[PDB]
Each structure stands twice: as structure tokens, then as C-alpha cells.
Amino acid sequence: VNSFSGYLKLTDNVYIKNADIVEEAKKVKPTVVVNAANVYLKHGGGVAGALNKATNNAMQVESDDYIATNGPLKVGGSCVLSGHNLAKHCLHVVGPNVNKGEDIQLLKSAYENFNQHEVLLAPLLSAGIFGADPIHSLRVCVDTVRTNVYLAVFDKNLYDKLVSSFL
Ligand SMILES: Cn1ccn2c(CCNC(=O)[C@H]3C[C@H]3C(=O)O)nnc2c1=O
């Protein structure tokens, strides 16, 4: 038993809810919250900027030190950093940004990072301002992630469409 509440069951291990991921992280304090990161860990906008804003920019400060030491991530890759006030850990995962011209085939590799964690709170990778179709992202998630993933969908109308179109 875990502390996630009101999630809709898609598969044995994947649940989904219409939720603001910042508010959800604050309430649950999950072991792992997933950030929709870019390779530079520049959290200007999107989920990245939203989670970073909720940490009072401490996520960005930690991230800049990480990049200065290690260099950029790979598209499809990830790193584990602090979850600050939102979670124990933040798994920064880089899904391909379609609007930047990046290769959408890399979405499966991005979701494979989730399998290194038993339970995660996460957004739909590559969706929103990353430019991929969210229906596709959900399909890749379900077909790739084997650990327990709680998907927080911000957009109410999208949430309804994702549930009603799920095979
Ligand atoms: C406080 N907060 C919370 C969330 N948020 C977002 C989420 C952005 N959309 C996505 O990640 C797309 C997958 C689809 C969705 O989940 O609706 N953008 N800005 C914020 C923000 O300020």
C-alpha cells in the first residue's frame, strides 16, 4: 500500500490522475518525482520551471552545479538529484523535444529510466511544450515502464481524452 489517492487504473502498474504535479508532490512527498528535463537542466518553463519555482530555485542551483561538474545529459538519459521540498529525490529525465527537432524514437529510452525506481510520480514525457502527442507518450509509458508509475496530468481536457482513448 502507498499514499497516492484518487488515481485511475490504466494497467496493473500504471495509474493516472488529473493533477497539478507540484501540488501532488507537495501532498504525497513521494520517494521520486520525475522532472521533464532538458540536457542542460535549464528549468526555465514547463514542468521543469514549475517544479523549480516550487523549490524557490534551489533545484536550478543544484542543477547548475551538476552540469558544471558532469556536462549535459543525453536525450533519453537521466540523473538523480535532490527532491528538495517536493520529494526525496528528483529523477530528471530528458525526453526528446520534438519542437527542437529531436528524435521521438528516443522516448522509449527516456521511459526506461523509470525502471530503476520502484515507485514514481511523473508527468507524460515529451508531451506539452516538448511537442509529442500525449496519447503516444502514454502508450510508450505503459509499454516500457514495469515499475509503479503515478501519472499526474495537468490538463483536465487532455486527461479525459487520454482515459477515453486508452487501449
Ligand atoms: C504548477 N504547474 C503544474 C504543471 N504545469 C505544467 C504541466 C505542463 N503540461 C504537461 O506536462 C503536458 C503533459 C500534459 C499535462 O500534464 O497536462 N505546466 N505548467 C505547470 C505549472 O505551473
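The first residue in the sequence is number 1, and the count goes up from there. Note that ligands are numbered from 1 as they come in the structure, with each ligand's atoms numbered from 1 the same way. Heavy atoms only: backbone and side chains are in, while hydrogens, waters and symmetry mates are out.
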Checklist outcome for this item: So the salt bridge (charged side-chain N to carboxylate O under 4.0 Å, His left out) pairs with at least one residue in residues 17-26 (sequence neighbours excluded) are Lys17-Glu24, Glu23-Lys26

Checklist entry - Is there side-chain contact between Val33 and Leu120, with at least one heavy-atom pair below 4.5 Å? => result no

Item to check | Any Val28 side-chain heavy atom under 4.5 Å of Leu121 side chain | outcome: no

Checklist entry - Is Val149 reachable from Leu138 through a run of I, L, V, M, F, W or Y residues, each pair having side-chain heavy atoms under 4.5 Å apart? => result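 As far as the 4.5 Å side-chain criterion goes, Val149 and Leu138 are connected within one cluster.
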
Next on the checklist: Is there a continuous path of hydrophobic side-chain contacts, each under 4.5 Å between heavy atoms, that joins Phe154 to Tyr159?
Outcome noted: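 The answer is no; the residues belong to distinct hydrophobic clusters.
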
Item to check | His43 (side chain) donor-acceptor with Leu41 (main chain) under 3.5 angstrom | outcome: yes

Checklist entry - Do protein heavy atoms approach atom 17 (O) of ligand 1 to less than 4.0 Å? => result yes

Name the closest protein heavy atom to [atom], giving the residue it belongs to and the distance to 0.1 Å.
atom: atom 14 (C) of ligand 1; value: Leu158 CD2, 3.6 Å
atom: atom 8 (C) of ligand 1; value: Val47 CG2, 4.1 Å
atom: atom 3 (C) of ligand 1; value: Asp20 OD1, 3.3 Å

Can you list the atoms of ligand 1 that are under 4.0 Å from a heavy atom of [X]?
X: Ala127; value: 13 (C)
X: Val22; value: 1 (C)
X: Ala50; value: 2 (N), 20 (C), 21 (C), 22 (O)
X: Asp155; value: 15 (C), 17 (O)

Next on the checklist: Can you check which of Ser126, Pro123, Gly128, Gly45 brings a heavy atom nearest to atom 10 (C) of ligand 1?
Outcome noted: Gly128

Checklist entry - Mind checking whether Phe154 has an N or O less than 3.5 Å away from an N or O of ligand 1? => result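 Yes.
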
Next on the checklist: Testing the basics here: between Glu102 and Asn97, what is the closest heavy-atom pair and its distance to 0.1 Å?
Outcome noted: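 Scanning both residues completely, I find the closest heavy atoms to be OE1-N, 2.7 Å.
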
